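Encoded as structure tokens, the structure appears first; notes follow it.
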Amino acid sequence: XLXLXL
Amino acid sequence: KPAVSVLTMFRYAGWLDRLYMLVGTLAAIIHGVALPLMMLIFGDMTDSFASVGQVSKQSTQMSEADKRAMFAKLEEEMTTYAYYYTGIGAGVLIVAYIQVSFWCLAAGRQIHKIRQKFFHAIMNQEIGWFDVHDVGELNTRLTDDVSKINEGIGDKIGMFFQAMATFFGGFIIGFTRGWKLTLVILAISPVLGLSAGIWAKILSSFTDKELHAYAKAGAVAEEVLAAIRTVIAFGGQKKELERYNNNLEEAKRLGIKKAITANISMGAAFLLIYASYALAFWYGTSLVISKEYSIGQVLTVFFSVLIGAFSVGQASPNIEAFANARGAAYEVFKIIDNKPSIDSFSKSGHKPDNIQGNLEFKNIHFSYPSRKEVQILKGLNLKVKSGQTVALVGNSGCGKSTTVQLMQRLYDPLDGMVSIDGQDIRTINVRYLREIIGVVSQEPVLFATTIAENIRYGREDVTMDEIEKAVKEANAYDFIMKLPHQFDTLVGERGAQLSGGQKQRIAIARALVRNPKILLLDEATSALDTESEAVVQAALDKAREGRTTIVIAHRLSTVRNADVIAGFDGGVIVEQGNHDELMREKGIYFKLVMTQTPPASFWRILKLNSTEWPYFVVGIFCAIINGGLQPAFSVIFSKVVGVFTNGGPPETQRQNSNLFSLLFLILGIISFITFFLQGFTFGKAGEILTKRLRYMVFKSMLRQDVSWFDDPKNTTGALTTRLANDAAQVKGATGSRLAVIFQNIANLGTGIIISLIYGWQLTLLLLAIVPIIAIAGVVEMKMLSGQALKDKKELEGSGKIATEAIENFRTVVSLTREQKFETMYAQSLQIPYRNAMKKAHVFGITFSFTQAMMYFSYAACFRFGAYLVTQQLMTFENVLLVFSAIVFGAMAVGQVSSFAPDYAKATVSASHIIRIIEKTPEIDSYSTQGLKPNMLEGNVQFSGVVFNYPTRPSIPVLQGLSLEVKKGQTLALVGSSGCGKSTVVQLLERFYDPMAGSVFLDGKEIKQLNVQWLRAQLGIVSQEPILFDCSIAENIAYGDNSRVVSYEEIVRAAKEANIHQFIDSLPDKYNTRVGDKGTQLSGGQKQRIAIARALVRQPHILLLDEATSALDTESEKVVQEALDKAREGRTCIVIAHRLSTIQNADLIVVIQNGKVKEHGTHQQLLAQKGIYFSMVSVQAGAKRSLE
């Protein structure tokens, strides 16, 4: 959700 | 630049406002702290599943036994955590609402006061202050700056403190849960900073090079399109198209290089981000295997720290928002804090009774605020007795008006004093002074409201009776009563535009209601029709007789009855007395007396891109693999924490986290390959079609005829702009955006497939929640724009009454009643004020609802994730996977909404670019059709021609014009004026086919004749010849295309044109550059070069259009000599304005109103007496004068 994938 | 003291800015905040700000910023800081606490619990949840996850897999013996303790631990723990989350939700709801509502409230409450105080401050300024300032800038300054301030003192502050609160709150948990990882992150923090800087430096490079790159083509396009008639005449269209195509060819190469580098860089940045975070997490695991940290703690500090880290960046924009507001407030508070000398809002000074109105001006020196540059009044002395009427006269400088200007105390004089009655004007109250003085000005102004109201601006307290008597005493009653609506009739700039005299009369009525003791009339009679002048004059004469008066005008009809007349010279009073005395004086007065006695949306643009079947499939397949690659990181991060959470026996863990962390990076590097690809393929694909479009557009733009190029709709700049923009815009749609969209739908697709196939009814649950909060997100923004648009409409009405007030101000100050505009401004403001109160209420609810929904969503996530799903055999590692996958997929879908306008704009831009191609002319030069006659010798038959220019089909240039000129003889064409002479040349070139009539050359109609071949036989020479930038040999060689002209040939042409003196003199000689890029020349040379260009073609028809027009002295002689040598071997038509040089011509023809009037050889037209004799006789007079 930050930038990788969460 | 300039800011304001932080405390001064808030000066209008007191009591409830400061309270609102306190509770608001408090609640904001709480709201800020709220989030990182959410990630703190997220670690505790992980530990709960981790403890069970380990014990569950550690057994491998008993099953049922694990159905008891584990489920109980999960029961109590998950219930606790869910309870907490549900707890946080209400909190963020409340604090969010409080924050936004309170801060918006304070903002509104203040801005109201700011506006009122500011406008008052505007109205309170003395005229000397207006004289030195722009009123437009000032009103715009009001309307814009107050808004800036509002943006600054608004909820942005709350967001700022909330952000700082997330920052501190994030780093605090980050540190306290553990110190190491933080410090380890704060190292890659700069590393991240360096890559962003590099990327910025790369963006700055190509911006400049791109401007340089296309300007190479744009320069060609501009000189060509500006030269369009010369390239059309000489038919070099193919060449110009070739050049443009070459420049495009270069541009695209620079474009693909651009793309390559940009893509490499982006990929590299992405790689560094991947590497750094993967590395940090690996270090995390390396710390967990030591049993130094908990698997959940790592997550807690990682997420908390990154949250806090990004908080800064997210915080920064509100700083600038507050910072600008201080600055906007500076110049705003500067007016409010400014106390004038004059005031007039002050209650002070004597308000005398029984004023007998004796005025005097004593030794007054004055200058307007142009200051030392000019002093208009040097000394002065004047008296006007009570009841008398003095009339001021003067030649210029309007030192006359200055006295009217000073008598109202609009200014205080530099030295001297103006005295009404015995007292100094400065002792008596300003308002009262403005009230005892009536004023009538040259240009009367009427505020927009009923006539009564305009007469009511004389005095607030009045009855329709007084209005009636007022207008009747001004004799305006009749004219207005005949008007509909009676006294309720509208006036203003908008609607009911009336006669100047009537308006003036209404102004005299308005002034009359004022019942002034002192009357000032400045050129009220002047600048008006003579008939109504007497009508208004009667009123003016009736406006007196109760009062003492100073009058100024240029009308000496009105001066005679005056008791005293006063002349001025250089600001110095000289002559004074009765008329007869001034006439006996025979001075200035006597002197002046004697002196005065198409939409669309379609893919054919894409079908053009279909030229490349490849370069797309590659990019999309690549971008879809990228889209398939994107969630794979989620799957890893799930199983890294997942296997570690599901680890069971620890021995096997440390080996796997190394296998994942490796792979974690492996998807990174492979991302570099794909991301660069899809970027490069789309890029190179972009730059090529950009060539095809600009090429097809430009080409088809050289197809269009002169009729299209004269259009005011199409000019060189507009064409170049339309040429650049559309092609530039279609690139953006067909470019990166599409790739990204495919990448994102692919991303969410693979994501949702994974999430769906793993989680059962988990995904189904989420897909119910996610769209609702998304749509709930979108509906908010709609209300925001709605309230925004509505508010703009309400203050526009208040700004409209402000503009009316400060534009006509010098009138309102004279009538006083500024307090009127104050009140009206206030009432106008009152409505937006109540609207701004509702705004806070709404902004809060909408915001908080969108926070609470996201937090409450997060509760149902783990509550359904746990309990029903985890009481089942479904696992935490999958939950963690689904959330990541899904939510990121959505956050990828966001870019779809973000990229929406590009296609619209590109479509509007793609609409024109097809139309401009598909448009065909009446006369196209590209048609290979036409006769191409084999017979050389030319004639020209003009027979019954009628012509109107397509741009201006009003005044016809040609009507039934008919001419004949045999071969090898000069046709001289004389005319009164206009293009009637030139239209011949323009039509023979066939820039236009005439409305009616016809024109032949060899006896064949040029209309059915080939256009190019036709133009190919023509020797056109215009007034100011345009030469393109290139060798003068190339300029001369332009005379003939489809073939290269020999050197000795252009030499012969240059020898014929007598330009050879210049060409052999230059260092570069024939290779010398001309056209202002490399060299400068005078008219003579350029013209001789145009002659060479003309006759290198060896035309059978020379056309000389006013060739000597701009030229002088011997230049005319030598150029005329050249032109004279040029003709006599060819048919030609000479319209030149020097008739003395036409004196030798085979046939002279005078044109009149489009019909040939006079005809025949010089001595014949000279034998006859008529127009041509007058043409030649009149221009001989100038020569005789010069002699």
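As shown in the structure tokens, the chain order sets the letters A, B, ...; within each chain, residues go from 1, and ligands are also counted from 1 in the order they appear.
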
Closest atom pairs, residues of chain A within 6 Å of chain B, only C-alpha atoms, as a Markdown table:
```
| residue | atom | partner | partner_atom | distance |
| --- | --- | --- | --- | --- |
| A:1 | CA | B:888 | CA | 5.8 |
| A:5 | CA | B:634 | CA | 5.0 |
| A:6 | CA | B:884 | CA | 3.8 |
```

Residues within 10 Å of region 974-984 of chain B, please, as a PyMOL selection string. Count only C-alpha atoms; anything in the same chain fewer than 2 positions from it doesn't count. chain B and resi 942+945+947-949+956-959+961+963+971-972+986-992+999+1022+1103-1106+1133-1139+1142+1148-1159+1171-1172+1175

Close residues, residue 827 (chain B) itself excluded, 12 Å, only C-alpha atoms, min 6 positions apart in chain, as an NGL selection string: :B and (112 or 116 or 794-795 or 797-798 or 801 or 820-821 or 833-834)

Take the residues from that selection and put them in a file with C-alpha atoms, as a PDB file, in the first residue's frame.
```pdb
ATOM      1  CA  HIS B 112     -15.490  38.052   6.116  1.00  0.00           C
ATOM      2  CA  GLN B 116     -15.210  44.271   4.808  1.00  0.00           C
ATOM      3  CA  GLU B 794     -22.138  34.696  -5.058  1.00  0.00           C
ATOM      4  CA  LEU B 795     -18.956  36.724  -4.512  1.00  0.00           C
ATOM      5  CA  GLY B 797     -22.086  39.756  -7.471  1.00  0.00           C
ATOM      6  CA  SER B 798     -20.295  41.369  -4.535  1.00  0.00           C
ATOM      7  CA  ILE B 801     -20.663  46.078  -6.923  1.00  0.00           C
ATOM      8  CA  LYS B 820     -23.773  53.426   0.829  1.00  0.00           C
ATOM      9  CA  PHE B 821     -21.406  51.198  -1.151  1.00  0.00           C
ATOM     10  CA  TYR B 833     -20.904  34.482   4.738  1.00  0.00           C
ATOM     11  CA  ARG B 834     -23.791  32.193   5.676  1.00  0.00           C
TER      12      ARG B 834
END
```

Please, which residues of region 479-566 of chain B, numbered as in this document, come out strand (DSSP E or B) from DSSP, as a PyMOL selection string? chain B and resi 490+518-522+548-552+564-566

Mind dumping the selected residues with N, CA and C atoms as a short mmCIF file (atom, residue, chain, number, x, y, z; two decimals), in the first residue's frame?
```cif
data_model
loop_
_atom_site.label_atom_id
_atom_site.label_comp_id
_atom_site.auth_asym_id
_atom_site.auth_seq_id
_atom_site.Cartn_x
_atom_site.Cartn_y
_atom_site.Cartn_z
N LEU B 490 -34.27 51.60 -15.84
CA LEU B 490 -32.87 51.24 -15.60
C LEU B 490 -31.89 52.14 -16.35
N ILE B 518 -22.24 75.69 -3.12
CA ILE B 518 -21.17 75.93 -4.09
C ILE B 518 -21.32 74.99 -5.30
N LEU B 519 -21.40 75.58 -6.49
CA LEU B 519 -21.59 74.81 -7.72
C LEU B 519 -20.36 74.87 -8.62
N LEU B 520 -19.86 73.70 -9.01
CA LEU B 520 -18.70 73.59 -9.89
C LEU B 520 -19.07 72.85 -11.17
N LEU B 521 -18.98 73.55 -12.30
CA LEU B 521 -19.34 73.00 -13.60
C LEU B 521 -18.13 72.97 -14.51
N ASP B 522 -17.63 71.78 -14.83
CA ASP B 522 -16.45 71.65 -15.66
C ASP B 522 -16.77 71.01 -17.00
N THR B 548 -23.21 80.37 -5.53
CA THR B 548 -21.99 80.90 -6.12
C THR B 548 -21.36 79.80 -6.98
N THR B 549 -20.79 80.19 -8.12
CA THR B 549 -20.39 79.21 -9.13
C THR B 549 -19.06 79.51 -9.82
N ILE B 550 -18.29 78.44 -10.03
CA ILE B 550 -17.10 78.49 -10.86
C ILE B 550 -17.33 77.56 -12.04
N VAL B 551 -17.29 78.11 -13.25
CA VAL B 551 -17.55 77.33 -14.45
C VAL B 551 -16.34 77.31 -15.37
N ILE B 552 -16.14 76.18 -16.03
CA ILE B 552 -15.07 76.01 -16.99
C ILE B 552 -15.60 75.30 -18.22
N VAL B 564 -17.63 87.49 -13.96
CA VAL B 564 -16.18 87.65 -14.09
C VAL B 564 -15.57 86.50 -14.89
N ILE B 565 -14.68 86.85 -15.81
CA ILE B 565 -13.97 85.87 -16.62
C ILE B 565 -12.50 85.92 -16.25
N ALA B 566 -11.85 84.76 -16.20
CA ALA B 566 -10.46 84.67 -15.77
C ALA B 566 -9.62 83.79 -16.70
#
```

Set the distance at 12 Å and use only C-alpha atoms: which residues neighbour residue 443 (chain B) once local chain neighbours fewer than 2 positions away are removed? I'd like the list as a list in words.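 Those residues are residues 439, 440, 441, 445, 446, 499, 500, 501, 502, 503, 504, 505, 507, 508, 521, 522, 523, 524, 525, 526, 527, 528, 808, 810 and 811 of chain B.
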
Could you turn the residues from that selection into a file that holds N, CA, C and O atoms, as a compact mmCIF listing (two decimals), in the first residue's frame?
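And here is the file that came out, again11.txt:
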```
# COMPACT_ATOMS: atom_id res chain seq x y z
N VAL B 439 -21.41 69.32 -7.98
CA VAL B 439 -20.43 69.11 -9.05
C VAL B 439 -21.05 68.49 -10.29
O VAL B 439 -21.76 67.48 -10.21
N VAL B 440 -20.74 69.08 -11.45
CA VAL B 440 -21.17 68.55 -12.74
C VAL B 440 -19.96 68.42 -13.66
O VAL B 440 -19.30 69.41 -13.97
N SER B 441 -19.70 67.19 -14.11
CA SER B 441 -18.46 66.88 -14.82
C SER B 441 -18.74 66.56 -16.28
O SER B 441 -19.85 66.15 -16.63
N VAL B 445 -21.70 60.08 -15.18
CA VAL B 445 -21.78 58.65 -14.91
C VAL B 445 -23.05 58.33 -14.14
O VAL B 445 -23.44 59.06 -13.22
N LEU B 446 -23.70 57.24 -14.52
CA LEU B 446 -24.93 56.80 -13.89
C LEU B 446 -24.79 55.37 -13.39
O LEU B 446 -24.59 54.44 -14.18
N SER B 499 -28.97 59.43 -24.28
CA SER B 499 -28.26 60.58 -24.82
C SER B 499 -27.36 61.20 -23.76
O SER B 499 -27.69 61.18 -22.58
N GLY B 500 -26.23 61.74 -24.20
CA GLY B 500 -25.29 62.36 -23.28
C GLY B 500 -25.91 63.49 -22.50
O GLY B 500 -25.68 63.63 -21.30
N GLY B 501 -26.71 64.30 -23.19
CA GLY B 501 -27.36 65.45 -22.57
C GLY B 501 -28.37 65.03 -21.52
O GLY B 501 -28.49 65.67 -20.48
N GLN B 502 -29.09 63.95 -21.79
CA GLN B 502 -30.08 63.44 -20.85
C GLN B 502 -29.38 62.95 -19.58
O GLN B 502 -29.79 63.29 -18.47
N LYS B 503 -28.33 62.15 -19.76
CA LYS B 503 -27.52 61.68 -18.64
C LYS B 503 -26.97 62.86 -17.85
O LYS B 503 -27.05 62.89 -16.62
N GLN B 504 -26.43 63.83 -18.57
CA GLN B 504 -25.92 65.05 -17.96
C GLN B 504 -27.02 65.72 -17.15
O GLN B 504 -26.78 66.17 -16.03
N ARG B 505 -28.22 65.79 -17.71
CA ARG B 505 -29.35 66.38 -17.01
C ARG B 505 -29.66 65.60 -15.74
O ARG B 505 -29.90 66.19 -14.69
N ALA B 507 -27.57 63.94 -14.12
CA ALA B 507 -26.46 64.27 -13.23
C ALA B 507 -26.67 65.63 -12.57
O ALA B 507 -26.35 65.82 -11.40
N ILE B 508 -27.21 66.58 -13.34
CA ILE B 508 -27.51 67.91 -12.80
C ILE B 508 -28.67 67.83 -11.81
O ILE B 508 -28.70 68.57 -10.83
N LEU B 521 -18.98 73.55 -12.30
CA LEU B 521 -19.34 73.00 -13.60
C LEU B 521 -18.13 72.97 -14.51
O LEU B 521 -17.64 74.03 -14.93
N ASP B 522 -17.63 71.78 -14.83
CA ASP B 522 -16.45 71.65 -15.66
C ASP B 522 -16.77 71.01 -17.00
O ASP B 522 -16.99 69.79 -17.09
N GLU B 523 -16.77 71.83 -18.05
CA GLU B 523 -16.96 71.40 -19.43
C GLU B 523 -18.16 70.46 -19.59
O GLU B 523 -18.14 69.55 -20.41
N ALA B 524 -19.22 70.71 -18.81
CA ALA B 524 -20.42 69.88 -18.87
C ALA B 524 -21.13 70.11 -20.19
O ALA B 524 -21.71 69.19 -20.77
N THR B 525 -21.08 71.35 -20.67
CA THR B 525 -21.67 71.72 -21.94
C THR B 525 -20.86 71.17 -23.10
O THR B 525 -21.40 70.83 -24.16
N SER B 526 -19.55 71.07 -22.90
CA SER B 526 -18.64 70.58 -23.93
C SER B 526 -18.77 69.08 -24.13
O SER B 526 -19.28 68.37 -23.26
N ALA B 527 -18.31 68.61 -25.29
CA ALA B 527 -18.39 67.20 -25.67
C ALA B 527 -19.85 66.74 -25.71
O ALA B 527 -20.20 65.69 -25.17
N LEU B 528 -20.69 67.54 -26.35
CA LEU B 528 -22.11 67.24 -26.46
C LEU B 528 -22.68 67.88 -27.72
O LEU B 528 -22.14 68.86 -28.23
N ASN B 808 -15.56 54.04 -10.84
CA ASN B 808 -16.18 55.35 -10.96
C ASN B 808 -15.85 56.24 -9.76
O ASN B 808 -16.42 57.32 -9.60
N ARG B 810 -13.85 58.45 -8.44
CA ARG B 810 -13.68 59.89 -8.39
C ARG B 810 -15.03 60.60 -8.45
O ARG B 810 -15.14 61.77 -8.08
N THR B 811 -16.05 59.90 -8.93
CA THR B 811 -17.41 60.41 -8.85
C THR B 811 -18.02 60.16 -7.47
O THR B 811 -18.70 61.04 -6.93
```

Could you tell me how far CA of residue 843 (chain B) lies from CA of residue 828 (chain B), in Å and to one decimal?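 About the pair CA of residue 843 (chain B) and CA of residue 828 (chain B): they are 23.6 Å apart.
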